[PDB]
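Asker: Numbering (the deposited numbering), first residue to last: 1 to 48, 49A, 51 to 71.
C-beta: ideal position from N, C-alpha, C; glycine also.
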Amino acid sequence: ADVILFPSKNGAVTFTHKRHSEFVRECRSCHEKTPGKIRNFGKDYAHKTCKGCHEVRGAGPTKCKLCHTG
Ligand code: HEM
Ligand code: HEM
Ligand code: HEM
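Following this line, the structure appears as structure tokens:
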């Protein structure tokens, strides 16, 4: 889906999946060879990938509550 909701014990995360493709050139930057559900998706994968990219690019939320907005 273009907008994906991630339930979380630390607050739901609203992910603009489609919008992110306007900023991220490759599906592979977040996906395995085949784009689709990510088997090991969770805290570790998310904090490394989601937070990590935001940190390196200086755009996107890195503060807990700015991502865990639910
Ligand atoms: C045009 C390239 C992309 C394609 C073809 C693609 C395709 C998909 C598909 C088919 C799904 C599964 C939807 C479902 O659950 O039915 C999905 C989920 C997802 N995609 Fe993408 N995606 C692309 C780019 C991105 C990018 C750039 C990111 C990271 C910024 C990303 C992150 C994710 C995440 C986190 C999920 C949820 C996985 C899960 O809940 O297991 N995608 N994507
Ligand atoms: C599932 C993991 C991710 C989550 C939960 C996430 C969440 C967010 C959120 C909450 C925003 C605020 C703007 C919006 O919602 O559209 C955002 C912005 C952004 N994200 Fe992510 N993101 C993820 C992965 C990534 C990745 C992997 C990259 C880089 C490869 C990335 C690059 C960006 C950039 C550049 C922005 C700023 C866009 C703007 O200027 O409006 N994000 N992201
Ligand atoms: C240091 C600040 C942060 C703290 C304390 C925090 C804490 C947590 C915790 C405790 C979990 C697991 C909750 C559970 O078991 O359901 C989690 C999962 C996650 N976090 Fe964070 N987080 C932080 C920052 C971020 C940021 C900045 C993002 C988005 C850019 C983010 C995205 C996520 C996502 C998508 C998950 C996985 C959700 C799922 O299981 O589907 N977190 N976080």
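Among 25, 67, 34, 29, which residue has its Cα nearest to the Cα of residue 48?
Answerer: Nearest option by C-alpha distance: 29.
Asker: Does residue 51 pass the burial test, meaning 16 or more other C-beta atoms within 10 Å, or should it be called exposed?
Answerer: So residue 51 ends up on the buried side.
Asker: If you draw a straight line from the C-alpha of residue 42 to the C-alpha of residue 17, how long is it?
Answerer: Straight-line Cα distance between these residues: approximately 16 Å.
Asker: What did DSSP end up calling residue 20 once you bin it into helix, strand or coil?
Answerer: In this structure, residue 20 counts as helix in the three-state DSSP scheme.
Asker: Give me, in chain order, the residues of the same chain whose beta-carbon lies closer than 6 Å to that of residue 64; leave out the 5 immediate sequence neighbours on both sides.
Answerer: So no residue of the chain qualifies.
Asker: Taking 7 Å as the limit between beta carbons, can you name the residues of its chain near residue 45, skipping five residues before and five after?
Answerer: Taken in chain order, the residues that qualify are 38.
Asker: In the structure shown, what three-state DSSP assignment does residue 3 receive?
Answerer: In the structure shown, residue 3 sits in coil (DSSP, three-state: anything other than H, G, I, E or B).
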